[PDB]
Protein chains: 2
Amino acid sequence: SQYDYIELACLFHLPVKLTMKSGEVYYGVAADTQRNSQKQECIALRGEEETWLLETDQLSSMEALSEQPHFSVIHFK
Amino acid sequence: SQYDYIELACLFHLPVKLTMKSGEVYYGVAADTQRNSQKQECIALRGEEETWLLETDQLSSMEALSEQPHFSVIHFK
Ligand SMILES: [Mg+2]
Ligand SMILES: [Mg+2]
Ligand SMILES: [Mg+2]
Ligand SMILES: [Mg+2]
């Protein structure tokens with residue numbers, strides 16, 4: 001069917017590179033999905049120095065930073 | 001879910017103090033995960049003058065040498 005690769009990255013705490021529709025890039029460990037204070041759906045990404053709540057509606061791509069069988073680069077919407 | 005702190009240390013190239021089950025201590029920068037020539041899973045630790053392939057099965061503890069929001073210490077076994 002249809003795999004939720006965001007959910008799967010969080011389930012396995014995968015290291016990922018996230019690119020936003022703005023073009024900004026973030027690197028870190030996929031921690032969890034949650035809503036931010038604005039009630040927008042987010043992925044919690046634990047980066048080197050801080051954790052970001054990044055809106056899933058604003059994701060352009062998610063890239064694996066490790067070898068695993070699930071994905072290399074996922075391009076969204 | 002459970003985090004791979006060896007993977008995360010290498011992802012962010014964290015400075016770490018590694019204590020082996022022998023009691024030997026190594027300091028350096030976490031570089032990469034790879035198998036050694038004996039096919040054992042290792043962390044490549046870049047020391048001051050050389051890089052060591054240290055078996056992950058032989059790790060006792062990994063201590064942070066920098067303040068960061070991932071760990072101060074990880075104990076194995
Ligand atoms: Mg939205
Ligand atoms: Mg750094
Ligand atoms: Mg010296
Ligand atoms: Mg072994």
# chains A, B, ... in the order shown; residues from 1 in each chain; ligands from 1

$ residues_around --residues "residue 17 in chain B" --least-positions-apart "2" --cutoff "9 Å" --atoms "only C-alpha atoms" --output "count of residues only"
12

$ residues_near_ligand --ligand "ligand 4" --cutoff "7 Å" --atoms "only C-alpha atoms and all ligand atoms" --output "PyMOL selection string"
chain B and resi 40+55+57

$ select_by_dssp --residues "chain B" --states "strand (DSSP E)" --output "PyMOL selection string"
chain B and resi 15-20+25-35+41-46+51-55+59-64+73-75

$ write_last_selection --atoms "N, CA, C and O atoms" --output "CSV table (one decimal), in the first residue's frame"
chain,number,residue,atom,x,y,z
B,15,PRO,N,33.4,14.6,19.8
B,15,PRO,CA,34.5,14.2,20.6
B,15,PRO,C,34.1,13.3,21.8
B,15,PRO,O,33.1,13.6,22.5
B,16,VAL,N,34.7,12.1,21.9
B,16,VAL,CA,34.3,11.1,22.9
B,16,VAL,C,35.5,10.5,23.6
B,16,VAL,O,36.6,10.4,23.0
B,17,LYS,N,35.3,10.0,24.8
B,17,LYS,CA,36.2,9.2,25.5
B,17,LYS,C,35.6,7.8,25.6
B,17,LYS,O,34.5,7.6,26.1
B,18,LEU,N,36.3,6.8,25.0
B,18,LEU,CA,35.8,5.4,24.9
B,18,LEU,C,36.6,4.6,25.9
B,18,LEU,O,37.8,4.6,25.9
B,19,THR,N,35.9,3.9,26.8
B,19,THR,CA,36.5,2.9,27.7
B,19,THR,C,36.1,1.5,27.2
B,19,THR,O,34.9,1.2,27.1
B,20,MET,N,37.1,0.7,27.0
B,20,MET,CA,36.9,-0.7,26.6
B,20,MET,C,36.7,-1.6,27.8
B,20,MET,O,36.9,-1.3,28.9
B,25,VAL,N,41.5,3.1,27.8
B,25,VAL,CA,40.7,4.3,27.5
B,25,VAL,C,41.3,5.0,26.2
B,25,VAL,O,42.6,5.0,26.0
B,26,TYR,N,40.5,5.4,25.3
B,26,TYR,CA,40.9,6.1,24.1
B,26,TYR,C,40.1,7.5,24.0
B,26,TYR,O,38.9,7.5,24.3
B,27,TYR,N,40.8,8.5,23.6
B,27,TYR,CA,40.1,9.8,23.4
B,27,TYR,C,40.2,10.2,21.9
B,27,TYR,O,41.3,10.0,21.3
B,28,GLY,N,39.1,10.7,21.3
B,28,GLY,CA,39.2,11.3,20.0
B,28,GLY,C,37.9,11.7,19.5
B,28,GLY,O,36.9,11.9,20.2
B,29,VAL,N,37.8,11.8,18.1
B,29,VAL,CA,36.6,12.2,17.4
B,29,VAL,C,36.0,11.0,16.8
B,29,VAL,O,36.6,10.2,16.0
B,30,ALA,N,34.7,10.8,17.0
B,30,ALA,CA,34.0,9.6,16.4
B,30,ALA,C,33.8,9.9,14.9
B,30,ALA,O,33.2,10.8,14.5
B,31,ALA,N,34.4,9.0,14.1
B,31,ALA,CA,34.5,9.2,12.7
B,31,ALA,C,33.5,8.4,11.9
B,31,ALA,O,32.8,9.0,11.0
B,32,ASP,N,33.4,7.1,12.1
B,32,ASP,CA,32.6,6.3,11.2
B,32,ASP,C,32.4,4.9,11.9
B,32,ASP,O,33.1,4.6,12.8
B,33,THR,N,31.4,4.2,11.4
B,33,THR,CA,31.2,2.8,11.7
B,33,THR,C,31.6,1.9,10.5
B,33,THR,O,31.3,2.3,9.4
B,34,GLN,N,32.4,0.9,10.8
B,34,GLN,CA,32.8,0.0,9.7
B,34,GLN,C,33.3,-1.3,10.3
B,34,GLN,O,33.5,-1.4,11.6
B,35,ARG,N,33.4,-2.3,9.5
B,35,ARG,CA,33.9,-3.6,9.9
B,35,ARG,C,35.4,-3.6,9.8
B,35,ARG,O,35.9,-3.0,8.9
B,41,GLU,N,32.1,-5.5,13.8
B,41,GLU,CA,31.7,-4.2,13.8
B,41,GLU,C,32.5,-3.3,14.7
B,41,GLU,O,32.7,-3.7,15.8
B,42,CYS,N,32.9,-2.2,14.2
B,42,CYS,CA,33.8,-1.2,14.9
B,42,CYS,C,33.3,0.2,14.8
B,42,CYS,O,32.6,0.5,13.9
B,43,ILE,N,33.8,1.0,15.7
B,43,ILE,CA,33.8,2.5,15.5
B,43,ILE,C,35.2,2.9,15.2
B,43,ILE,O,36.2,2.4,15.8
B,44,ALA,N,35.3,3.7,14.2
B,44,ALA,CA,36.6,4.4,13.8
B,44,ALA,C,36.7,5.6,14.7
B,44,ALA,O,35.9,6.5,14.6
B,45,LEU,N,37.7,5.6,15.6
B,45,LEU,CA,37.9,6.8,16.5
B,45,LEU,C,39.2,7.5,16.0
B,45,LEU,O,40.3,6.8,16.1
B,46,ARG,N,39.1,8.7,15.6
B,46,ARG,CA,40.3,9.5,15.2
B,46,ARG,C,40.9,10.1,16.4
B,46,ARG,O,40.4,11.0,17.0
B,51,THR,N,44.2,6.7,14.0
B,51,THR,CA,42.8,6.3,14.1
B,51,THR,C,42.7,4.8,14.5
B,51,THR,O,43.5,4.0,14.0
B,52,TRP,N,41.8,4.5,15.4
B,52,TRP,CA,41.7,3.1,15.9
B,52,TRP,C,40.3,2.6,15.4
B,52,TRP,O,39.3,3.3,15.5
B,53,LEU,N,40.3,1.3,15.0
B,53,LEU,CA,39.1,0.5,14.8
B,53,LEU,C,38.8,-0.3,16.0
B,53,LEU,O,39.4,-1.3,16.3
B,54,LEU,N,37.9,0.2,16.8
B,54,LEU,CA,37.6,-0.3,18.1
B,54,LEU,C,36.3,-1.1,18.1
B,54,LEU,O,35.2,-0.6,17.6
B,55,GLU,N,36.3,-2.4,18.5
B,55,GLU,CA,35.1,-3.2,18.4
B,55,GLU,C,34.0,-2.7,19.2
B,55,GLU,O,34.2,-2.5,20.4
B,59,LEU,N,33.1,-2.3,23.7
B,59,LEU,CA,32.9,-1.0,24.4
B,59,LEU,C,32.3,-1.2,25.7
B,59,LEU,O,31.3,-2.0,25.9
B,60,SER,N,32.8,-0.6,26.8
B,60,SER,CA,32.2,-0.5,28.1
B,60,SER,C,31.4,0.8,28.2
B,60,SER,O,30.2,0.8,28.7
B,61,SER,N,32.0,1.9,27.9
B,61,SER,CA,31.3,3.2,28.0
B,61,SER,C,31.8,4.2,26.9
B,61,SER,O,33.0,4.1,26.5
B,62,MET,N,31.0,5.2,26.6
B,62,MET,CA,31.3,6.3,25.7
B,62,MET,C,30.9,7.5,26.5
B,62,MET,O,29.8,7.7,26.8
B,63,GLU,N,31.9,8.4,26.8
B,63,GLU,CA,31.6,9.6,27.5
B,63,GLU,C,31.8,10.8,26.6
B,63,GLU,O,32.8,10.9,25.8
B,64,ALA,N,30.9,11.8,26.7
B,64,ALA,CA,31.0,13.0,25.8
B,64,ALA,C,32.2,13.9,26.3
B,64,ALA,O,32.4,14.1,27.5
B,73,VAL,N,27.0,10.3,28.9
B,73,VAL,CA,27.7,9.0,28.9
B,73,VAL,C,26.7,8.0,28.4
B,73,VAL,O,25.5,8.1,28.7
B,74,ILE,N,27.2,7.0,27.7
B,74,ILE,CA,26.4,5.8,27.3
B,74,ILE,C,27.2,4.6,27.9
B,74,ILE,O,28.4,4.5,27.6
B,75,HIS,N,26.5,3.8,28.6
B,75,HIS,CA,27.1,2.5,29.1
B,75,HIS,C,26.6,1.4,28.3
B,75,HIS,O,25.4,1.3,28.0

$ closest_residue --among "A:49, A:67, A:22, A:6" --to "chain B" --atoms "only C-alpha atoms"
A:49

$ interface_residues --of "chain B" --to "chain A" --cutoff "7 Å" --atoms "only C-alpha atoms" --output "ChimeraX atom specification"
/B:1,3,12,68-69

$ write_last_selection --atoms "C-alpha atoms" --output "PDB file, in the first residue's frame"
ATOM      1  CA  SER B   1      12.281   2.727  20.083  1.00  0.00           C
ATOM      2  CA  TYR B   3      18.781   5.191  19.659  1.00  0.00           C
ATOM      3  CA  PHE B  12      27.915  14.497  14.348  1.00  0.00           C
ATOM      4  CA  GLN B  68      25.727  18.508  23.603  1.00  0.00           C
ATOM      5  CA  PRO B  69      22.050  17.496  23.870  1.00  0.00           C
TER       6      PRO B  69
END
